[PDB]
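Listed in order, the protein sequences are those of chains D and G. Per the deposited numbering, the first sequence runs over residues 71 to 76, 96 to 104, 200 to 594, 608 to 719, 749 to 787. So the deposited numbering is basically just the index in the second sequence, starting at one, shifted up by 106. All residues carry an ideal CB built from backbone N, CA and C; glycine is no exception.
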Amino acid sequence: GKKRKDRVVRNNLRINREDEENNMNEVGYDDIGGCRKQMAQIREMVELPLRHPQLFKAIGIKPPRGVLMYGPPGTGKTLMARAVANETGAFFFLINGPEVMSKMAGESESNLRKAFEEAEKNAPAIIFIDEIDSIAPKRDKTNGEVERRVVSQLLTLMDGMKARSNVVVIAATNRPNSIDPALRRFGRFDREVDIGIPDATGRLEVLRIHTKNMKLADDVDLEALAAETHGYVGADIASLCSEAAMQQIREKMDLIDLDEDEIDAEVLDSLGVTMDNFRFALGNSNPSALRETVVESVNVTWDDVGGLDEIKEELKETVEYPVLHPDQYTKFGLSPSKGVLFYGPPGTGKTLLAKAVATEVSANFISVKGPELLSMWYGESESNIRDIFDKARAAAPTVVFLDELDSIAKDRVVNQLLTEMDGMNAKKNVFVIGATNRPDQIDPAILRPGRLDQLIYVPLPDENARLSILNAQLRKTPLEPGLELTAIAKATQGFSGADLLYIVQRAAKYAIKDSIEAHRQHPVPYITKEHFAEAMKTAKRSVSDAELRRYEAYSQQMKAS
Amino acid sequence: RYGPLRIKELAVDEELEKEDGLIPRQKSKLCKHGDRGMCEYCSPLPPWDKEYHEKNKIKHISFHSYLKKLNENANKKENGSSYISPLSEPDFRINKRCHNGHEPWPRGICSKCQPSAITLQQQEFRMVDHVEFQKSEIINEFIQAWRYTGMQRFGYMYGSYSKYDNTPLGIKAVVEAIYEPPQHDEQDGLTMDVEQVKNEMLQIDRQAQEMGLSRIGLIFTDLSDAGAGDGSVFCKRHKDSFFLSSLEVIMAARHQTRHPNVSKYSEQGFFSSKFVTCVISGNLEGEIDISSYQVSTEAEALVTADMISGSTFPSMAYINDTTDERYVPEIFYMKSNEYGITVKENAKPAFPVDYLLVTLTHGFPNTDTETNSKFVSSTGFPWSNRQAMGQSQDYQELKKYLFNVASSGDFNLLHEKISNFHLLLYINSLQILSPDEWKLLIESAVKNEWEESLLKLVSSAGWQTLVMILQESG
Ligand SMILES: Nc1ncnc2c1ncn2[C@@H]1O[C@H](COP(=O)(O)OP(=O)(O)OP(=O)(O)O)[C@@H](O)[C@H]1O
Ligand SMILES: Nc1ncnc2c1ncn2[C@@H]1O[C@H](COP(=O)(O)OP(=O)(O)O)[C@@H](O)[C@H]1O
Ligand SMILES: [Zn+2]
Ligand SMILES: [Zn+2]
């Protein structure tokens, strides 16, 4: 039937009881959602060498042995590996790093040797080494002799297996730099897979999978939950479901007695999770994936960015044509631009434009905010520039958006970034976008050819741009019917997008204040023109005239040259 | 030689090497994985797993299992080396010729040919595991010797080796007969000229090999009588006292060095002779319990370069002094304390011999199994060299013992009387029988399907002459 299984028959084929009930393993491909690309890569690397070795013999190639797999914790790496192992239906030998490292001296090596030898005996085999960073850490951090011995044993075993063997090794780690570099060469963990946070569709799929056994109430809007939840890895969603169930139980506690050992079945039948429970769980949830740099998945288009039509078409020509039409570049032998740098007053929407550009080529997105760069400069952060570019390579194509670059480019970090950029593969489609407010203050060394040589000026929005921004921002907010924003736009000459968002937020705050006051005294389904009038009266341009004059003078000087 | 050495050894070694000895284990309750795929607790247990041995009350690891451990520990296949012999018998003798620029040891030495400090430590693998006595008579007669005379005894024990299922890859030495060399036993000890003993034993062992036996140890009795009404004996060998004093350890080490075990996994081709020594002392009660022992390999290579001598303290062995042709480096013996820390104590004046021994398990064949004893005998024709007692081999005893049976027939009765080890040895000594006639005699007396061979033997003129002279003789 399925899951290599051959009403009772359907249950047996998957189409004491406690040992199996708590051991409901054999999680197939139906238990994973939102990671179609990574799952496809893993399946291609694993199944074919084992299921169909004849192809490689026919062509005459050696299938890769190692498959490194790294990503943020709680993203389901171990679950994905277990699902692959079970679906392939082949012998597989678990190895948990902490357990191997939690044994007397002179026995961890014995366990590793036994594992590899046994996996060799019953080929085909899949050795899944979990938390490989706990047994082969970076050399400097752990100088313990036993750790070096274990690393050497692992390296020897890894080298010695690549001979007419059907053993495929899968490893999991938090970051690509935690593992000792010696395990990332030929005949070793060379093929790497990066797992990023799921997008809206991924979160919806995860919620669907988790919320299949729970007795949901009919008033569930999982689409709203998927839209709201951002930066939620699978573990966070599971904890969210648990919190929702706990909140429902707490609400229903009024009809149950703590002292009584037994609980009425009729009361149990009324445990229905409501949207309120999910909202409370969201209130209590503590996502942490964004604390470190991770590969996102943007979905912006050429509709959220108003104006900048010349800039839009220039970016299209500079980016899409290489990626989408490499044939013409190869025909003319022209190297595509390796980056571009945006300069202009703050709040003009550089990030939105970069995200839209990244979405155009249908590529993942990495964001590196300035504080993270500063933390790396001070050496008090887990990640690193080398790690960022390694993840970008593993997840290519990608767009790496450096933000607040002027903070560090007023040294070590700048030189390291230059090294990483120059050493990057030109042919590979990886682009680096930069954001800054002080283009002159940027280190000139960056603007050399083969680097962020292209300069693009992002001007303040005009009347049409302001109108478009106002229209876009108010999509998720009711407004007075027949309300025109052209007057507001023209009265807001010189304002930036951030100022317009602040105006809208203040008007909505006044509206909610009025509604709350009226209800307390107890009606306001819309936002009347008085709210917007007062908000406009109580707002000011965030850009001083002097900065605008200097920016335009600098732009004119750049044009003249 | 680009791989393992090429040589032919005992069949037991071959058959043991063929096996792997893995002890299977079933799904533990702590596993987290589907039916297929074993994580860490469901894996087969290697035969050398010390936890299993110490959990089953086995003090040593069945040498072949130790060989498997050593082979697994290194020697990767298809690459990584060109084969390094895993077993090497330690040698302490100073290299007489090193010559980095210095002259031989007597008047010059460097730091490259200086015997490094020796760290004595109890061995962990015992070559031969179980010593097995086929029948109670074989040792009952030996002890009867002491009963009658009162003096101690000493005798080699011939036999053959075989598997031992009760232990992982274990070996058992089944002893078939005991031969007593000419020795001068006494109340407190025994003495015997080595030259005569070896000269006699050469031919005796040649005849035994012709018969299919092999010399597989020495057994001596250290028994004293107690004051109880019955026959009770003190237990002078217990934990507090000495298990084996210095001199017996020295003699056992010499014997082991002179009976090397041929092995395929050493540069020289031999390692840790499969020689077992048995001593009769008496258990904590008045019984006459026996015991077995075997001196470790270091002691085997220690006595060869002298370096050890007996001490007035029974439980300690004296250490000799440096001199030309004999260089003795500092000897550290390593023990364990009650806090789980190994302590190295220098013992130059004298050190206990408990670190130079490994103990074997004696026993007897199950009394409800098939009988494969070579000789249904040993209560008959008196043994060889019991001159001190009245027993004496000669024509008259043969006439009294093996005449009426032959003169009439009843071959079923005759066969057992002809399958006596000492009887065969004596008749061969007489040289009356022809070589091939004696060969068929032994083939009839030590093998089944003997009817035709026995009839042929009684046909041959040699046997007719034997019986005729026996009858004629008084
Ligand atoms: N598609 C999915 N992606 C991520 N998590 C998922 C997915 N589907 C279900 N989950 C749930 O997310 C959690 C992932 O736990 P898991 O142990 O796999 O995380 P991990 O961080 O990869 O593990 P480890 O660091 O121990 O290797 C589990 O609750 C799993 O049920
Ligand atoms: N077309 C647009 N032009 C300008 N700003 C916009 C536009 N669309 C949205 N915005 C708003 O402008 C803000 C810009 O934020 P960010 O990109 O972090 O700063 P900056 O734009 O100065 O780099 C966003 O919070 C967004 O809500
Ligand atoms: Zn298991
Ligand atoms: Zn020398």
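- Within chain D, the residues whose beta carbon sits less than 7 Å from that of G/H139 are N209, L278, listed in sequence order.
- Here D/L537 has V489 as same chain residues with Cβ atoms under 6 Å from its own Cβ, once five neighbours each way along the sequence are excluded.
- Going down the chain, each residue whose beta-carbon is closer than 7 Å to a heavy atom of ligand 3 shows up: G/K133, G/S134, G/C137, G/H139, G/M144, G/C145, G/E146, G/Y147, G/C148.
- Three or more beta-carbon pairs separated by less than 8 Å link the stretch 266–281 of chain D to the stretch 230–243 of chain D, which places the two stretches in contact.
- Using a Cβ-Cβ cut-off of 9 Å, D/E283 counts as an interface residue toward chain G, since at least one Cβ of chain G sits closer than that to its own.
- Remark: the C-beta of D/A429 is outside contact range of ligand 1, defined as less than 8 Å to any heavy atom.
- Boundaries of the beta strand (DSSP E) around G/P458: 456–458.
- D/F628 is bridged by DSSP to D/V583.
- For G/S565, the enclosing alpha helix (DSSP H) begins and ends at 557–565.
- Boundaries of the beta strand (DSSP E) around G/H468: 463–469.
- Within chain G, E146 have C-beta atoms less than 7 Å from the C-beta of D/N295, given in sequence order.
- In the structure shown, the three-state DSSP call for G/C384 is strand.
- Three or more pairs of CB atoms, one per stretch, sit closer than 8 Å, so the stretch 147–157 of chain G contacts the stretch 171–183 of chain G.
- The C-beta of D/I379 has 16 or more other C-beta atoms within 10 Å across all chains shown, which makes the residue buried.
- Minimum Cα-Cα distance from D/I393 among the listed residues D/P658, D/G694, D/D587, D/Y213 corresponds to D/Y213.
- Neighbourhood of G/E543 in chain D, by CB distance below 7 Å: empty, with the nearest CB roughly 57 Å away.
- Taking 9 Å as the CB threshold, D/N350 stays off the interface with chain G.
- Below the 8 Å Cβ cutoff, chain G contributes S149, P152 as neighbours of D/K298, in chain order.
- Taking a C-beta distance under 9 Å as the contact criterion, G/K278 and G/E230 do not qualify as a contact pair.
- In summary, D/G250 is buried, with 16 or more beta-carbon neighbours lying within 10 Å of its beta-carbon over all protein chains present.
- The distance from the Cβ of D/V503 to that of D/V541 is about 6 Å, consistent with a contact at the 8 Å cut-off.
- At a cut-off of 9 Å between beta-carbon atoms, G/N177 makes no contact with chain D.
- Residues of chain G with a Cβ closer than 9 Å to the Cβ of D/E302 are, in chain order, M144, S149, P150.
- Listed in chain order, the positions of the stretch 350–371 of chain G with a beta carbon within less than 7 Å of a beta carbon of chain D would be empty, since no residue qualifies.
- Of the residues G/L296, G/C148, G/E120, the one whose Cα lies closest to the Cα of G/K269 is G/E120.
- Closer than 8 Å to some heavy atom of ligand 2: that does not describe the Cβ of D/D402.
- Per DSSP, the continuous alpha helix (DSSP H) segment holding G/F517 begins and ends at 517–524.
- G/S320 sits away from G/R232, with the two beta carbons spaced by 9 Å or more.
- Here D/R297 carries a helix assignment [DSSP, helix/strand/coil].
- The DSSP-derived three-state label of G/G261 is strand.
- For the stretch 178–206 of chain G, the set of positions with a beta-carbon nearer than 8 Å to some beta-carbon of chain D reads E178, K182, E184, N185, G186 in chain order.
- Rounded to the nearest angstrom, the Cβ distance from D/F277 to G/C145 is 7 Å, consistent with a contact under 8 Å.
- Across the structure, D/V484 and D/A772 are spaced so that their CA atoms are roughly 33 Å apart.
- DSSP, read as helix, strand or coil, puts G/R253 in helix.
- Around the beta-carbon of D/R663, 16 or more other beta-carbon atoms lie within 10 Å, marking it buried.
- Under the three-state reduction of DSSP output, D/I685 falls in the helix class.
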